[PDB]
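Engineer: Below are the structure tokens for one structure; questions will follow.
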Amino acid sequence: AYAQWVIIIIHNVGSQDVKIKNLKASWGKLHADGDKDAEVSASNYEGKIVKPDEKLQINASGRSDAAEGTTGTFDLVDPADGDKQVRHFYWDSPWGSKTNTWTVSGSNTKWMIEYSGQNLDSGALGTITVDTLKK
Amino acid sequence: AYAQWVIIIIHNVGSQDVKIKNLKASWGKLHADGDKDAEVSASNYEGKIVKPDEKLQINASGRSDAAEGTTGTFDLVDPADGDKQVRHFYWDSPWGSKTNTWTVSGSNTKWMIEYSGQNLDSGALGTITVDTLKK
Amino acid sequence: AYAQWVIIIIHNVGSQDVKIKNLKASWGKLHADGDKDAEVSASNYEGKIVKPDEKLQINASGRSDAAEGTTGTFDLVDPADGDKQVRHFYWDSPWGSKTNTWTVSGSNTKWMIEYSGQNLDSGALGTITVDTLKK
Amino acid sequence: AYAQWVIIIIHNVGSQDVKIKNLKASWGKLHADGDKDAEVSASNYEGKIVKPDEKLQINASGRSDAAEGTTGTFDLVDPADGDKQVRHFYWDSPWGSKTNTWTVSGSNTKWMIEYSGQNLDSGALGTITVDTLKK
Amino acid sequence: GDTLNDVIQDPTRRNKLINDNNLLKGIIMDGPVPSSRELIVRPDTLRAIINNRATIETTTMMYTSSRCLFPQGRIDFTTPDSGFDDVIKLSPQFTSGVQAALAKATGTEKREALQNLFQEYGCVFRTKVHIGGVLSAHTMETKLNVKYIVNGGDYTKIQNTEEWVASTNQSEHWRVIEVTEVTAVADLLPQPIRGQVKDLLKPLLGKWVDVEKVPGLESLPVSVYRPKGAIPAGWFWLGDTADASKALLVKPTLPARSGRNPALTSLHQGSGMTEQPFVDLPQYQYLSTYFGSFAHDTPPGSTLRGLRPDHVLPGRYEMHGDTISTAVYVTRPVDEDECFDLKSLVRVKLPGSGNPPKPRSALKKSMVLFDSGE
Amino acid sequence: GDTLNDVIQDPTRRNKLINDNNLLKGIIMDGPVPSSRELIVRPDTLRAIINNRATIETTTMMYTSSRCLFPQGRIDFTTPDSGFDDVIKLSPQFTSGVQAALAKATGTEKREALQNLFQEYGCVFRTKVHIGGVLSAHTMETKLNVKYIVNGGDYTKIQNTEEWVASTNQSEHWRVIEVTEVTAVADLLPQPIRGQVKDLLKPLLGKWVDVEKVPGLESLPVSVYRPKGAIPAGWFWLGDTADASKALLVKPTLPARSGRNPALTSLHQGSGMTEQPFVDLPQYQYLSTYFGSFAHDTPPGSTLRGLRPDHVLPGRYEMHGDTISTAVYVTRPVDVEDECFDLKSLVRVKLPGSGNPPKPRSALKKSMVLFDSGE
């Protein structure tokens with residue numbers, strides 16, 4: 001359904017580029033901004049660069065009528081040193097479970113990440129802002 | 001129920017304070033950060049000034065289990081100029097509507113207000129960040 | 001039963017103190033070292049600061065034959081940096097799940113938090129050692 | 001059953017090597033980290049050298065469904081003086097007893113051994129951290 | 001009832017009043033204190049007016065304040081800039097010290113000598129003072145504290161207000177209760193020496209240089225300019241500006257010494273989630289936000305410097321940009337205390353978190369010396 | 001209504017004020033005390049300012065406190081470095097003692113003589129002093145204690161504050177109530193003698209020696225470096241460092257004698273479950289956590305020493321390593337007089353064992369070490 005959804009705002013607050021790869025949603029559908037009926041191909045988000053001081057918005061939600069929620073993953077990688085993984089991501093807003101999940105995994109010493117806006121208790125996961133800084 | 005919720009983040013990026021007034025919600029309940037069980041009254045939020053570069057958080061959620069959802073309003077006023085209203089903000093995530101609504105009203109040209117992160121198609125209203133500045 | 005239990009050791013290694021807050025323990029009970037009959041209150045730990053190189057032990061267990069398990073949460077905060085959150089810890093050993101759950105959430109890049117010893121496959125949650133350093 | 005288990009961490013806080021010998025599980029089995037299904041033989045640890053300031057983890061548990069629990073023994077031997085016995089560790093978390101057993105036996109004037117984290121009141125024996133030093 | 005007229009007409013009483021109030025000595029700046037050196041020659045007479053309008057005022061807003069003020073008059077000293085026949089004559093010792101300081105070989109030696117001379121003789125001189133007595137009391141309870149202060153009159157009767165009030169007409173106890181005019185000691189010197197001393201006291205040497213537009217930043221509403229080329233060794237720059245014509249480089253004039261707060265401070269990279277500089281010294285400030293990534297180990301960030309608080313005054317913002325994201329402030333001076341119109345740039349919303357306090361200051365014109373030839 | 005001007009103009013009153021306040025004598029450092037020897041020549045006059053802004057304060061947070069302060073002014077002595085016409089003249093006896101101390105053959109004799117001279121004459125001299133009378137009272141009550149202190153004014157009327165306040169205007173009872181400037185006695189000497197004395201007084205001789213990488217420890221984020229080769233006899237090193245160029249060896253300048261704290265302390269093996277050293281003397285400190293197994297009976301640990309607390313000042317940590325088990329601090333001087341060596345002392349964040357010594361956090365002062373003296 002459209003009740004389970006997540007909007008992640010990758011905001012590059014640093015002065016060096018970052019890239020997004022392996023962005024795959026197991027369930028649900030990637031859709032346009034504010035519109036959950038206009039599905040957008042994942043390729044429109046796979047492998048693009050986020051320039052410094054810019055925001056990239058990814059919107060995912062479950063399919064209407066359907067009852068599966070939406071879960072997915074994507075990797076932030078550094079394009080300056082061979083797409084080395086910056087931090088892996090995993091989000092889960094399920095249809096029939098109470099707690100949502102939002103986990104960052106992996107690590108490299110050259111990047112700092114601070115995220116907020118998620119709700120893990122009930123309902124939709126929420127809009128998540130993820131500030132990234134190559135420091 | 002808890003499935004319907006909203007987080008409103010007032011981020012003061014300007015050089016002058018802004019005061020929150022008239023915080024109270026027709027439905028639902030205000031609660032502490034990340035804990036829907038820790039109910040909090042509007043008196044804890046009323047009268048608090050957001051100093052420049054400070055961030056304040058409003059967490060509203062539907063009660064434990066009901067067709068209630070949540071709904072409420074507040075006002076942002078200028079601590080100078082006789083507490084003149086900056087903007088009037090209204091939020092509602094109903095249970096039967098399956099359609100949120102977040103609205104801002106006012107004409108104060110001495111301030112500039114931007115807001116982003118609301119969801120309207122369906123589900124929880126999500127987290128809304130409100131940047132306020134004084135031109 | 002008493003069979004479902006957990007021991008959590010906050011082991012400070014940095015140059016600054018860390019404070020424990022919001023020690024809820026929603027399920028089960030807290031108990032003294034090596035004695036589950038000697039029930040203790042959360043007030044013995046709430047608001048306390050762990051100085052450098054100091055060990056703090058929190059023991060939780062299910063009630064004798066309540067068939068409940070033990071679940072609880074707490075937060076690490078910086079006593080100097082405006083009581084800001086460091087990490088949010090949630091431990092859960094259900095009686096009927098036969099699958100435990102220990103999670104550390106939140107984000108504060110100014111602190112390094114590592115943990116080890118937890119068991120999730122089955123049975124008790126084990127002894128969890130948490131090393132906190134302030135950078 | 002998997003509810004009866006133990007995690008033994010041999011951590012050499014000294015500056016001299018130590019070796020393990022005669023590791024046998026009279027009851028139960030050995031398994032990999034974080035997975036009680038991945039059974040492993042005693043040969044994976046027999047003769048292994050715990051380098052100073054290095055942790056070696058041994059995880060023991062009973063069968064999937066059995067009333068056997070876990071039991072076993074192992075000897076720490078000093079490789080610098082002909083594999084002289086340091087200590088004899090015996091662990092036992094039965095299915096058929098309400099209390100567990102953790103026994104260090106033997107004596108060596110050249111070595112100091114301390115341990116923590118063992119649980120004996122009920123349930124699984126817990127996670128045991130053993131610090132060894134040659135003073 | 002004696003007045004200031006009766007004490008000023010008597011050489012003994014007049015000299016007692018002068019000595020007990022340190023009227024011949026300057027002020028050194030825990031707080032302003034008089035110097036032990038006599039700055040001016042002892043005058044043969046004092047210009048004075050008589051004022052005996054006493055007042056007792058109490059307010060109990062839990063604070064309670066009381067003030068018993070018993071004035072006696074005002075004593076005026078005449079400065080060279082007035083042009084009147086009588087002028088306070090500087091001590092020959094002070095003039096000799098100034099001449100010796102200005103005679104040293106190099107500018108650094110002259111500045112050090114002047115610093116020592118003004119630390120010994122004080123920085124300013126009180127030219128209008130009010131004589132009399134004042135007894136004040138402050139009480140605050142909620143837990144409780146009381147504070148009595150006496151300045152003038154019989155200080156041994158601070159505990160008994162009636163007796164202290166009765167003792168306010170004794171001339172031997174009159175003290176300076178207020179200062180309504182202060183003149184810089186440097187301003188008491190002759191013009192050719194006054195100019196040299198004032199120029200040498202300026203903490204910073206200034207230099208105008210050409211500017212270059214920072215690459216990128218096309219999203220911003222205005223162009224950002226920085227000093228062009230490598231800055232001369234030993235010099236520093238203050239920050240980014242929108243001025244497309246010229247930029248200011250500054251250089252300290254005094255070496256480091258114990259107890260001397262440096263005019264400029266180095267900047268260090270922020271702790272986390274921010275690329276903006278932070279001042280090494282606690283109270284200091286800088287003018288502009290660094291556009292880009294700040295690195296204090298390599299140029300041009302290695303030589304960007306902050307300013308001592310006394311060097312700057314609050315300015316005013318003029319905003320450019322259509323939204324919060326593009327909003328930027330050009331800082332302008334607020335219309336003797338003029339400040340440079342550097343058009344410093346300060347971004348409104350820095351993308352990161354935990355950023356430094358937003359700059360809000362402009363640099364004084366009276367702290368920078370140009371064309372020294374140094 | 002007399003003031004300091006009235007007593008300074010009268011030779012008898014001025015000399016009474018000078019003598020009763022020990023203004024011609026230095027300070028020896030249970031606490032600072034005046035010396036019996038007169039350090040400077042008796043001046044013909046004193047430079048002073050008048051200040052009669054008296055104060056009465058009380059507070060009852062039961063920590064009740066009270067302070068009745070009655071100042072009279074400030075007296076200022078002028079030092080040689082100011083270059084003014086009037087300069088405090090050192091007593092001929094003190095100058096003769098300094099010259100006799102510096103005349104002895106060996107440096108040890110020269111240091112011992114200077115130590116005796118500065119013990120009998122004092123280490124510092126008060127150049128700015130505030131005159132007047134202060135009466136303080138404290139009464140902490142929970143059990144109960146009361147503490148009255150009188151400094152100046154008629155002390156026989158301490159029990160009656162009214163009469164003490166009445167007496168505060170009698171000049172025979174004015175005392176030094178505060179000191180706002182203190183100058184080292186050595187700083188009062190001529191420049192060459194001043195330099196020689198200040199160099200001799202330095203507790204430690206210093207020397208730079210090349211370093212070598214500690215074998216092993218490849219898991220650490222930075223290499224560990226220790227003095228290469230055998231330490232010269234009688235010299236000591238201060239700990240492991242990250243510096244790849246040089247390491248500092250130190251040597252005491254004064255023989256150990258009863259009643260004086262040595263500049264360096266021996267280090268002994270820990271009691272249990274730790275291989276780190278412990279200071280033999282109570283409050284001494286070392287700079288680096290020992291990497292490896294410490295042993296005070298064999299090198300290089302046999303020549304490792306800890307410093308007297310007055311030799312060191314707190315530093316700042318620069319962290320290296322991606323995890324706690326790998327993390328290590330490098331200690332850098334708190335960039336500011338009293339500067340400290342940038343030895344780059346290594347300090348492991350989390351030592352493997354338990355019961356380890358407190359984490360060292362200090363750096364050595366640059367003023368405590370004498371170089372290239374030929375000693």
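Ligands are numbered from 1 in the order shown, chains are lettered A, B, ... in the order of the structure tokens, and residues start at 1 in each chain.
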Tell me as a count of residues only which residues belonging to chain A come within 12 Å of chain F, counting only C-alpha atoms.
Structural biologist: 4
Engineer: Just the residues within 6 Å of stretch 56-67 of chain C, please, counting only C-alpha atoms, with nothing from its chain fewer than 2 positions along; format it as a PyMOL selection string.
Structural biologist: chain C and resi 1-2+4-10+28-31+69-70+95
Engineer: Interatomic distance between atom CA of residue E:277 and atom CA of residue E:358?
Structural biologist: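 Distance reported for this atom pair: 11.2 Å.
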Engineer: Env of residue F:241: 9 Å cut, atoms = only C-alpha atoms, seq-sep filter 6 positions within chain, self excluded. Answer as a list in words.
Structural biologist: residues 223, 224, 225, 226, 247, 288, 330, 343, 344, 345, 346 and 347 of chain F
Engineer: Generate a file of the selected residues that holds N, CA, C and O atoms, formatted as an mmCIF file, in the first residue's frame.
Structural biologist:
```
data_model
loop_
_atom_site.group_PDB
_atom_site.id
_atom_site.type_symbol
_atom_site.label_atom_id
_atom_site.label_comp_id
_atom_site.auth_asym_id
_atom_site.auth_seq_id
_atom_site.Cartn_x
_atom_site.Cartn_y
_atom_site.Cartn_z
ATOM 1 N N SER F 223 54.201 4.091 14.069
ATOM 2 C CA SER F 223 55.373 3.381 14.559
ATOM 3 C C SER F 223 55.776 3.896 15.935
ATOM 4 O O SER F 223 55.549 5.061 16.272
ATOM 5 N N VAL F 224 56.380 3.016 16.730
ATOM 6 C CA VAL F 224 56.865 3.351 18.063
ATOM 7 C C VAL F 224 58.384 3.431 18.005
ATOM 8 O O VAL F 224 59.039 2.532 17.463
ATOM 9 N N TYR F 225 58.942 4.501 18.562
ATOM 10 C CA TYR F 225 60.368 4.782 18.480
ATOM 11 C C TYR F 225 60.948 4.942 19.878
ATOM 12 O O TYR F 225 60.359 5.612 20.732
ATOM 13 N N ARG F 226 62.101 4.327 20.103
ATOM 14 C CA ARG F 226 62.799 4.366 21.377
ATOM 15 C C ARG F 226 64.256 4.727 21.149
ATOM 16 O O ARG F 226 64.800 4.481 20.069
ATOM 17 N N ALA F 247 65.098 11.641 20.235
ATOM 18 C CA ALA F 247 64.503 11.394 21.539
ATOM 19 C C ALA F 247 65.323 12.128 22.589
ATOM 20 O O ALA F 247 66.530 12.327 22.419
ATOM 21 N N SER F 288 54.648 8.558 28.626
ATOM 22 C CA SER F 288 54.222 7.599 27.618
ATOM 23 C C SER F 288 53.883 6.264 28.261
ATOM 24 O O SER F 288 54.568 5.804 29.177
ATOM 25 N N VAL F 330 48.659 10.693 20.575
ATOM 26 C CA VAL F 330 49.967 11.332 20.587
ATOM 27 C C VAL F 330 49.797 12.651 21.322
ATOM 28 O O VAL F 330 48.905 13.444 20.991
ATOM 29 N N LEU F 343 57.516 16.297 22.308
ATOM 30 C CA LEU F 343 58.109 14.965 22.276
ATOM 31 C C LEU F 343 57.246 13.958 21.529
ATOM 32 O O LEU F 343 57.754 12.904 21.132
ATOM 33 N N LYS F 344 55.963 14.252 21.327
ATOM 34 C CA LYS F 344 55.039 13.324 20.677
ATOM 35 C C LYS F 344 54.990 11.997 21.433
ATOM 36 O O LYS F 344 55.331 10.936 20.909
ATOM 37 N N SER F 345 54.559 12.072 22.690
ATOM 38 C CA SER F 345 54.462 10.882 23.523
ATOM 39 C C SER F 345 53.267 10.036 23.107
ATOM 40 O O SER F 345 52.161 10.551 22.919
ATOM 41 N N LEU F 346 53.489 8.732 22.967
ATOM 42 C CA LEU F 346 52.439 7.803 22.575
ATOM 43 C C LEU F 346 51.745 7.255 23.814
ATOM 44 O O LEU F 346 52.403 6.905 24.799
ATOM 45 N N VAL F 347 50.416 7.182 23.760
ATOM 46 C CA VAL F 347 49.600 6.739 24.887
ATOM 47 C C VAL F 347 48.474 5.879 24.327
ATOM 48 O O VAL F 347 47.561 6.398 23.679
#
```
Engineer: Using only C-alpha atoms, find the residues of chain A whose closest atom to chain E is at most 7 Å away, then write them as a ChimeraX atom specification.
Structural biologist: /A:13,15,53,133
Engineer: Those selected residues, please, written with C-alpha atoms and delivered as a compact mmCIF listing (two decimals), in the first residue's frame.
Structural biologist:
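Saved as selection_14.txt:
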```txt
# COMPACT_ATOMS: atom_id res chain seq x y z
CA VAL A 13 27.33 18.81 3.00
CA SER A 15 33.12 19.72 -0.72
CA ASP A 53 25.85 21.16 -1.38
CA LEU A 133 30.83 14.79 4.68
```
Engineer: May I have the residues within 9 Å of stretch 81-84 of chain D as an NGL selection string, using only C-alpha atoms and disregarding those fewer than 4 positions away in the same chain?
Structural biologist: :D and (18-19 or 76-77 or 108)
Engineer: Take the residues just selected and output them with C-alpha atoms as a PDB file, in the first residue's frame.
Structural biologist:
```pdb
ATOM      1  CA  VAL D  18      49.894 -19.069  24.732  1.00  0.00           C
ATOM      2  CA  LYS D  19      48.536 -22.227  23.110  1.00  0.00           C
ATOM      3  CA  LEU D  76      46.081 -23.546  28.210  1.00  0.00           C
ATOM      4  CA  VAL D  77      49.737 -24.449  27.691  1.00  0.00           C
ATOM      5  CA  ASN D 108      51.092 -22.042  37.483  1.00  0.00           C
TER       6      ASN D 108
END
```
Engineer: What is the atom CA of residue F:355-atom CA of residue D:48 distance in Å, reported with one decimal?
Structural biologist: 28.0 Å
